[PDB]
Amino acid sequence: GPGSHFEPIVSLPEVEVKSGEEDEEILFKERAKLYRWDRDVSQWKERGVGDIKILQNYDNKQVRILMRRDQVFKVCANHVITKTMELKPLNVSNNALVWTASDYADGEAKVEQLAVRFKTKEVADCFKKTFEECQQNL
């Protein structure tokens, strides 16, 4: 209640946390809703909402996709772009693209079918264009 009383408190030191993106160039950054296919129940499940990025390392020129959730900033997608990936439209939805990747959002590699949805068809077309431009430069 009101007034003096003891509470258990754990004091922690400040830490400099690196994002892991310091050495990469932003080729694409737009808001999106990411989905993941759950084969056990045959459903697309929401995977995160935020900015999805196509990043390229300045030095080694490696290209990956990275996305973080809003407000919590946790990773919901983290995978390199390969020449074998096929980014296709999801015909049964609007402004949606589908592809398969070995993703590391949860700390370990998991093969996943992903679907990304953008605000406009225009942004979707720009994502698919930048995605395929990175593939051709492989």
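One rule holds for the numbers: they count along the sequence shown, beginning at 1.
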- Can you tell me which stretch has the higher mean Cα B-factor, 69-77 or 91-99? 91-99
- Once average C-alpha B-factors are taken from the entry for 33-41 and 81-89, the winner is 81-89
- Note on the structure: For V63, the third of its chain by CA B-factor is the highest
- Among the modelled residues of its chain, does the C-alpha B-factor of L27 lie in the lowest, middle or highest third? middle
- Item | Among modelled residues of the same chain, the CA temperature factor third for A109 | highest
- Task: Would you mind checking where the Cα B-factor of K119 ranks among the modelled residues of its chain, as the lowest, middle or highest third?
- Result: highest
